[PDB]
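A closer look at the structure
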Amino acid sequence: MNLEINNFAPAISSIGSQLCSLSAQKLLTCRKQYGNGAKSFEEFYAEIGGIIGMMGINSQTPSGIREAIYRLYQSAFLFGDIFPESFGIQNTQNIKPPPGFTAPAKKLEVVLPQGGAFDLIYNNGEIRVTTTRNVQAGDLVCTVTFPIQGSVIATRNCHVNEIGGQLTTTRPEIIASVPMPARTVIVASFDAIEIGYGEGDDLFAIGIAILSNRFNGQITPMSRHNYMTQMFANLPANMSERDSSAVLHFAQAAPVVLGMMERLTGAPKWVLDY
Amino acid sequence: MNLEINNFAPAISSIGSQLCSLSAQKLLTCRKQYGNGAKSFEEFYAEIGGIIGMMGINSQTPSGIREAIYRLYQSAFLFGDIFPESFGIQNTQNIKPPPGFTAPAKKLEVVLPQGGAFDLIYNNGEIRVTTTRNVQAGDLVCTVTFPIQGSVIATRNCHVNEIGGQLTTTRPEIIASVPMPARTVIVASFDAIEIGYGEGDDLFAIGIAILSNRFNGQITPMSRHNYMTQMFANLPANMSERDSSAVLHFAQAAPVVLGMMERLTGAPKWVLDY
Amino acid sequence: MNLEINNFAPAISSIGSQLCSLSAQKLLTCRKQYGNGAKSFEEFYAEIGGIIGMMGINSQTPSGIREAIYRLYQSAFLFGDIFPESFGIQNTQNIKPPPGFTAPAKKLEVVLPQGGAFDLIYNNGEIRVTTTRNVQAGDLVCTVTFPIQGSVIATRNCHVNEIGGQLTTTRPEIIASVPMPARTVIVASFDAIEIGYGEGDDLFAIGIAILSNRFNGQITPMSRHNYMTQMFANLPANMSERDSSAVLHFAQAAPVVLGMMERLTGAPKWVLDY
Amino acid sequence: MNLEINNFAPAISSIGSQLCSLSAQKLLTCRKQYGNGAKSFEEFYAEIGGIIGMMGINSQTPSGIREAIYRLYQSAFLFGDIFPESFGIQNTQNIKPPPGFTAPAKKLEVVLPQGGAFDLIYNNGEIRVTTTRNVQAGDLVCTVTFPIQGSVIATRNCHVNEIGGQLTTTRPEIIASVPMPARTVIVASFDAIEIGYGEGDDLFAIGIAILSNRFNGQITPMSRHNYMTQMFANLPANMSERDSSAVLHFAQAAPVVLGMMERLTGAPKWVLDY
Amino acid sequence: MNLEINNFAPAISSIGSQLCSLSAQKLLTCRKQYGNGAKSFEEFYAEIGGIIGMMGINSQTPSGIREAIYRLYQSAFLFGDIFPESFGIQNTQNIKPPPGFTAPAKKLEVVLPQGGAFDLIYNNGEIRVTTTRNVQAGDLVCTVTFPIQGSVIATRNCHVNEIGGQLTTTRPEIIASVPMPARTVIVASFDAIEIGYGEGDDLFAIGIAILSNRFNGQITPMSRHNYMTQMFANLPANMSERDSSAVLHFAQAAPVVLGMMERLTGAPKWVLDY
Amino acid sequence: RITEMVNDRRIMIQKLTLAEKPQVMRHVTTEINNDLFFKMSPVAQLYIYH
Amino acid sequence: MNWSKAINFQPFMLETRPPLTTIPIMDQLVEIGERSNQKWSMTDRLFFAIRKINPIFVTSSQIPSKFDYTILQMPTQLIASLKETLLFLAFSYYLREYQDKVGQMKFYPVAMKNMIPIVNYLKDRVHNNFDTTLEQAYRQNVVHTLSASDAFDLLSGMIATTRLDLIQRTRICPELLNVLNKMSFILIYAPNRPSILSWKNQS
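To keep things clear, this report deals only with the structure shown in the data block. Along every chain, residues receive numbers from 1 upward following the written sequence, which is not necessarily the numbering found in the entry; those without coordinates are excluded from display. The lettering of chains begins at A and the numbering of ligands begins at 1, in the order of writing. All values in this entry refer to the displayed chains, which constitute part of a larger assembly. As a convention, hydrogens and water are excluded, and side-chain values are obtained from all of the structure's heavy atoms.

1. Describing the overall build of chain G
Each helix and strand counted, chain G has eight helices and six strands in total. Order of helices (α) and strands (β) in chain G, N terminus to C terminus: β-α-α-β-β-α-β-α-α-α-α-α-β-β. Computed over C-alpha atoms, the radius of gyration of chain G comes to 17 Å, within 12% of the 17 Å expected from 2.2 N^0.38 for 203 residues, which places it in the range of a compact globule. If one aligns the C-alpha atoms of chain G with their principal axes, the spans along those axes are about 55 × 50 × 30 Å. Burial statistics for chain G: of 203 residues in total, 51% are counted as buried. Long-range pairs, those at least 24 residues apart, make up 74% of the contacts in chain G between residues at least 6 apart in sequence. With the model as given, the accessible surface of chain G reaches about 9800 Å², and the carbon-plus-sulfur share is 55%. The average position of the 22 basic charges and that of the 16 acidic charges among the side chains of chain G differ by 2 Å. By the criteria applied, helices consist of DSSP H or I runs no shorter than four residues and strands consist of E runs no shorter than two, each listed in order from the N terminus. Between the two quantities, the radius of gyration covers C-alpha atoms and the globule rule is 2.2 Å times the number of residues to the power 0.38. Relative accessible area decides the class of each residue, using a 1.4 Å probe on protein chains only: under 20% of the type maximum gives buried, over 50% gives exposed, and in between gives partly exposed. We call two residues contacting when some pair of their heavy atoms lies within 4.5 Å. Shrake-Rupley sampling with a 1.4 Å probe provides the accessible areas, and residues are treated as covered by the protein chains on show and by no other component. Charge convention: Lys and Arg are scored as positive, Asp and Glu as negative, and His as well as the terminal groups of each chain are ignored. To locate a charge, the coordinates of NZ of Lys, CZ of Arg, CG of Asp or CD of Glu are taken.

Given below as structure tokens:
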């Protein structure tokens, strides 16, 4: 999944997320006001619903918000560098912080050091490696390349840097604590939160297909974890942690909102409360 | 793919075809006068493109026409014995002839005799069989089960009933014309048209999925040729050729118009000029 | 089929084509405004379908149009010579260019040179030739007598004068490039268009019967390909290619309109857009 | 041909296609009311065939449309990446969808795996290869570089991904399914549609010469299929299907309209109904 | 020719015969006041020769009365069962006797006994059979299945029930009168009249094709004698001789009127003077 | 008869009362051909001028 | 989701229409039958009325039909009784006020059991009395000899739908409730209970 993110991405994302939140709020408001009858819920949504007061987006149809999202997504993550004012988006440093990540870390990503000293297997929240040879205490075995944050539980035959049960660093590295012979296994489990959001996986599955049918040369259907990892690995090097969250929030909200507009169910809290 | 054609199918299909034709005319009328401006083409269409004056529509949006198409298709072709009580089907006194078929006969359907004397393969516009044992001239080797009409070109070692190059019957049978040894090859190419419409195939492809997502248990995505062959095979025998054409026109036009509503491109002539 | 085409054919053909175009445009208009009612569509068309704005029809009924077509056809293709060849009509009455041909060339017509050195069989769009004896490179194997224009695909053991994939001349001849031992095979396929129009074959089949009932001795039922080949073969040698197209357009349009007035379906784009 | 396509090609194409459709509609409008008198149709068209209200065009004669087409084509496809300020471009994102492709895929474009293992010969709509050496089941044989959509017919000794006879991916790959020794042959026929619009091929040939007599250093006369293959090969990688469709539509419409303004016949449907 | 005749056939047939008589009178009246002029006779008839009004039918075009004939024919001779039988029996409305049959009996229909003792050859109004073996005098050799009325002439070696030269029964039976050896001959000539009308046979031949093109699955072109025999044999078992006469009169008058509307010649007396 | 003619106009007539349906009336329509006046005549120029 | 507040589109009624080309001709025949006395009611003399009740087995919906004379049956082998026949006749008579006169299509309930033997049996032994009516026979045979529940079960078994289906469909369309009220039926609805049935006379 190839894509070129411009450095002006936070400016586009601050608008895209606001548009998505407004659409979700309108959907909820008009969803609580529906009485069962001759018209289906799709017709009711397409007629009375979909009316938002937002500057820079002059469409009150569901299709209009749909292509506003299309244009904003294409500008923010695929075209390349492009100035926000070109599409009528005012570029302002002053923006709002996005909600914090709530994605549960199940398949945490690690990279073995060279030399083939160890072999790695995965579990629901833990990584277990086996020593193919003798190893002395005080050397790296694994390191997470995908930033993680949370508490640590059930650390056996290895040591991690932590105080009070909380991981000190966002990229912990596991170091063997005592030398081990005879092909034993060391286990590290975590109660942590990765990058992304947990609620709304059903909507993402259809939204990713919706926006892959358009940008088929750039995006392919996949799980949310893989999409988040690919998006995170492609951010520009020189950008603050404040702008990265703003970019990633829109990066995940666009598919889920596109899916929510198809299946007129509810919306996740991290989309509404922005 | 299972389906039961009800005994009032032509009356349903007349209303459905008229609705599809009106939708296509509205789409092209809105498409011709879309001057490039602030709004995109889809907000322009989804605002005035659904205002069609016809009995049975309970909305002025494309969602209403989509739901009307769903109801008419379910009543006409699917197992559901629900009669649409809000359209004008009850008051119909006469029907209009549908446009003539224009689908090229590339993969013509043939059924071999039970003997096992021949092996059948396929080409772009012809079939050819190889004899396994000695066969005397004057007996059937092939016959077409799918109705066809047109001229015959490049026949070899076989005779077909024709005058002036034009086929006589709509279901010609191929019979040997020369006593031949085993392993002899015989061919028959046709410049003919099968039951169906050749234009708007991408629209059919993107609409068959749309109407299969809803009727998942009854309809599965497939090619236009297989869909038309199954529809024809499921037609009752007590049907005039004028009513069968009216049924088949709607059977093919419903997916085409459903996909047309998604990608707002043009419409085929056999849909608009109904 | 024996017929005598005079030097006045384009002038009569212009009037015939205009009449056919006007008749078809009226049918689409009447067809668009039929409302289901006690009166059938046949009666509805027969009561208002003949009121067209055109001089030269002495009746406001479809019978008047049919008789006008009959008399124009008889004057143009069957009567013989009218007036001396020096009679000047082109100077005062100019004609309108007919639409370009659209009929695909499936059974392309070729003639083998004298000597019986070659074997000819036909296929869907190509011809393959089998050599009975040894042949030297650079001699005629075939030449087309029915004009053709378009691209060329898949030439094997033969060379055709072309640039950029496009045939240089309307009457290509096939020549060899490599000396061929006996029993060799040389093929030539073309993605090209022959003389005629490809749409409206169902109407042509019954229109040719309608106009063969009246001119029983002169015209016989046949396929469209044979009819057009004979019509092109009967054209006078001292006639421009800009007038031959005008003659052929009416020659094929008259049966199409005659059969259209029986089966009240739509009309081909070539008859309508004259 | 040598030609460079800039990032703003869709914006230029959306104006060029609109101009082409306007000119074609005006041509038919004037063709409907031709007086058929002493003046020829060429003088009639030269007198009243112009457009008076479009920003960008500076003459009320057809020459103005021709000169505008020349400017737009040079800006969009040639070496000079000049942005035409004279035509009014307000949003480079808004792009009306173009009609779907209609060109039959006769000469399908495929590339061999580079192992020198198969021989390639072409036919009307199918490719067939012969194994030079022994090949095991389950490996690549051919793959298409020109995207294709449609159905599949007569698949022998090979496997393609298909659902109900319809191709799944737009670039199918042919892989052998059975261990096949001793220089056997496999076939694969497709009843599909390539890229471009089949109709109006006569006008393309005469218009490509018109626009190659001007840009002789960059454009040479050739067939439509090769022209479109090279034009698609020159498209940038960072290009969606929504934009490349508009680029290709203008790329084919410009020669067709240029040749239609010379031979004043009709216009194809895909040009009129844009 | 397969068809079923319901019990409402006389009521339908009275209306059909009245319509046929009115159309014939209209044609003759318009024929006697035709002044030779620019307008042809076919155009002259179409304008003011189809405008006939009566109870039920209200059409003013020849197509209108053609469709009325189609409706009546389908409702009388091809529709399975109109109503419960008692509804028809309790009808009080009365009908008018049709004209007497005038068709000469030339190929009289007879059946041989199960024994196979005799061989039957036909002539003009004459049946002659020969004896393969010796048979006793005074036994049935032939019986007549098609009803016949009239005089009897030239009876040899056989006896028929007649007084004063006139047959007594409608279905005469031929019996031997004198003992005979093998290879003898017995003859029986008849000057009689069968079911049908002899005049207007040319119109029947071209009207049967017209009404067979519509009901292709049920009606096929054939001779008048065979048509009448099949229609008589397909009559319901329980019907008075008064009603069958009206049914047969309509059954024969429909094709002759259909053919008379095509060839604008006079109408027969049995159609005109109903 | 009035409601069944097809032309540029939609004719609407209120349905007749069940009792007032048999009521009789006279409507004379002429039956004569008018094509014999439009022949070629030695005074056609006079017709055109006047 | 299959359900409608229209009486004509209930699951127990069949839609019928002649072939679309023979519609004008069948109209003339219906006028011919109106000229004769071809209509049965529940108020005319049973001697006259029983002469015009001729149920016909249906094999296809493309059949001509008249609103005041047609009653339909499906091909079966079961034999109806007098009470079932009277219930069905009353149902079909009171169900025809809601027939759609404007349209070309007619709706009719179908009889699950064969009523021809019972109709012939009744027709063989009816005298020409001046006061006996079909409604009188219904009241003497069904109302006065059966409980409401048993008669409702018989009616449910005389059409395809089961007893629970009738009770459910009665709540959606009020026209069915009026039709059943004309047949002297009463429905009482109470929470946490199945519905009870009673005749109008005892309520």
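Still more ground to cover, so stick around.
2. Things to note about the sheet that holds strand β4 (residues 140-144) of chain D
Residues and elements named next belong to chain D. Reading across from one edge, β1-β4-β8 is the order of the three strands in this open sheet, with antiparallel pairing throughout. Pairing within the sheet leaves two strands with one partner each, and these edge strands are β1 (110-111) and β8 (173-175). Two strands are counted as paired when DSSP detects at least two bridges linking them. Taken together, the three bridges between β4 and β8 define a ladder with antiparallel strand orientation. Across the sheet, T143 pairs through a bridge with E173, a residue of β8.

3. Quick notes on empty space enclosed by the protein
Using only the protein atoms, space was sampled on a 1 Å grid; points where a 1.4 Å probe fits but cannot get out form cavities, open sets with protein on both sides within 12 Å along at least five of seven lines form pockets, and lining residues are those with an atom within 4 Å of a point. Grid points are joined across faces, edges and corners, and a volume is the space filled by probe spheres set on the points. The full count for this structure, using the stated rule, is 16 cavities of 30 Å³ or more. In this structure, the largest cavity occupies an estimated 140 Å³ of space. Every residue lining the largest cavity is counted, 15 residues in all, and those nearest its centre are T70, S92, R96, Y108 and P109 of chain G. If one sorts the elements of the lining of the largest cavity by residue count, strand β4 (residues 106-111) of chain G sits on top with three residues. Think of it as three bins: nonpolar holds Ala, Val, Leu, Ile, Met, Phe, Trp, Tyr, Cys and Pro, charged holds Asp, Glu, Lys and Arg, and polar takes everything else, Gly as well. The class makeup of the residues in the lining of the largest cavity is nine nonpolar, four polar and two charged. Computed from the structure, the second largest cavity encloses a volume of approximately 50 Å³. As for the second largest cavity, its lining consists of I127, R128, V129, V141, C142, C158, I174, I186, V187 and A188 of chain B.

4. Here we look at the side chain of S189 of chain B
Summarising the element assignment, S189 of chain B is placed in strand β10 (residues 185-194). Its relative accessible area of 1% is what places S189 of chain B among the buried residues.

5. A word on the relation of the copies chain C and chain B
Between chain C and chain B, the superposition needs a rotation of 123° and an axial shift of 0.3 Å, giving an RMSD of 2.8 Å. Classification of the inter-copy transformation places it as that of a three-fold axis. Within chain C, the C-alpha atom positioned nearest to the axis of rotation is that of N124 of chain C, 4.1 Å from it. Take the interface residues of chain C: only 7% of them recur as interface residues in chain B, which is what a contact between different surfaces looks like. A least-squares fit on C-alpha atoms is used to superpose the copies onto one another.

6. Things to note about the sheet that holds strand β9 (residues 173-176) of chain A
The strand order across the open sheet formed by three strands is β4-β9-β6 (chain A), and the pairing between neighbours is antiparallel. Every interior strand has two partners, whereas the edge strands, β4 (140-143) and β6 (158-159) of chain A, have only one.

7. Thoughts on the packing of helix α3 (residues 62-78) of chain E against helix α7 (residues 241-262) of chain E
Residue and element names in this part refer to chain E. Each axis is a line fitted through C-alpha atoms, taken for helices only over the stretch in contact, and angles between the N-to-C directions span 0 to 180 degrees. Packing of α3 against α7 brings their axes to within 11 Å, and their N-to-C directions diverge by 150°. Between α3 and α7, the crossing angle belongs to the class labelled roughly antiparallel. When you trace α3 past α7, the crossing you get is left-handed. Contact residues: α3 offers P62, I65, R66, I69, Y70, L72, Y73, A76 and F77, while α7 offers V247, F250, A251, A254, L258 and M261. The residue makeup of the contact of α3 with α7, split by class, is 14 nonpolar, no polar and one charged. Orientation labels follow simple angle bins: below 35 degrees gives roughly parallel, above 145 gives roughly antiparallel, 65 to 115 gives roughly perpendicular, and whatever is left gives oblique. For a crossing to be left-handed, the near helix must be turned anticlockwise from the far one by less than a right angle; the clockwise case is right-handed.

8. Let's talk about unusual backbone geometry
With a phi angle near 80°, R183 of chain B is a residue other than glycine that sits in the positive phi range. Looking at the secondary structure, you find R183 of chain B in the loop between β9 (173-176) and β10. Unlike most non-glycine residues, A154 of chain C shows phi in positive territory, near 60°.

9. Quick notes on the interface of chain C and chain B
Opposite the 29 residues of chain C that make contact, chain B presents 27 residues. Summing both sides of the interface, chain C and chain B together bury roughly 2200 Å²; the carbon and sulfur share of this comes to 47%. For this analysis, a salt bridge means a side-chain nitrogen from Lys or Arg found within 4 Å of a carboxyl oxygen belonging to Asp or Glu. Between the two partners, chain C and chain B, sit two salt bridges. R242 of chain B serves as the salt-bridge partner of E42 of chain C, at 3.3 Å between the closest nitrogen and oxygen. Counting of polar contacts relies on pairs of N or O atoms within 3.5 Å, with two restrictions inside protein: one atom must be capable of donating a hydrogen and the other of accepting it, and residues adjacent in sequence are counted only when both atoms are side-chain atoms. Summed over the shared surface of chain C and chain B, the number is 14 residue pairs in polar contact. The quantity reported as buried area is the accessible area (1.4 Å probe) lost by two parts once they are put together, taken as the sum for both.

10. Comments concerning the pairing of strand β4 (residues 126-131) of chain E
Residues and elements named next belong to chain E. Pairing geometry for strand β3 (residues 118-122) and β4, over five bridges, is antiparallel. Within the sheet, the bridge partner assigned to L120 lies in β4 and is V129. Two successive antiparallel strands, β3 and β4, enclose a turn made up of three residues, where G125 displays a positive phi of approximately 60°. Across five bridges, the pairing between β4 and strand β11 (residues 185-194) is antiparallel. Paired with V129 across the strands is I186, a residue of β11.

11. Quick notes on the relation of the copies chain C and chain D
Between chain C and chain D, which share one sequence, the superposing operator has a rotation angle of 119° and an axial displacement of 0.1 Å; the RMSD is 2.7 Å. Comparing interface residues between copies, only 7% of those in chain C also lie at the interface in chain D; the contact surfaces differ.

12. Observations regarding the arrangement of the chains
Regarding chain B and chain F, which are not in contact, the minimum distance between any of their C-alpha atoms is 14 Å. Chain D shows no contact with chain G. Their nearest C-alpha atoms sit 31 Å apart.

13. Observations regarding the interface of chain C and chain D
In this complex, chain C contributes 29 residues to the contact, which on the side of chain D involves 27 residues. Summed over both partners, the interface of chain C with chain D buries about 2200 Å², with 47% contributed by carbon and sulfur atoms. Looking at the side of chain C facing chain D, the largest losses of area belong to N94, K96 and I153 of chain C, adding up to 23% of the total buried there. At the surface where chain C touches chain D, the tally comes to one salt bridge. If you look at where chain C meets chain D, you find eight residue pairs in polar contact.

14. Topic: the layout of surface pockets
In this structure, the second largest pocket occupies an estimated 1800 Å³ of space. Lining the second largest pocket are 44 residues, and of these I82 and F83 of chain B together with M1, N2 and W3 of chain G lie nearest its centre.

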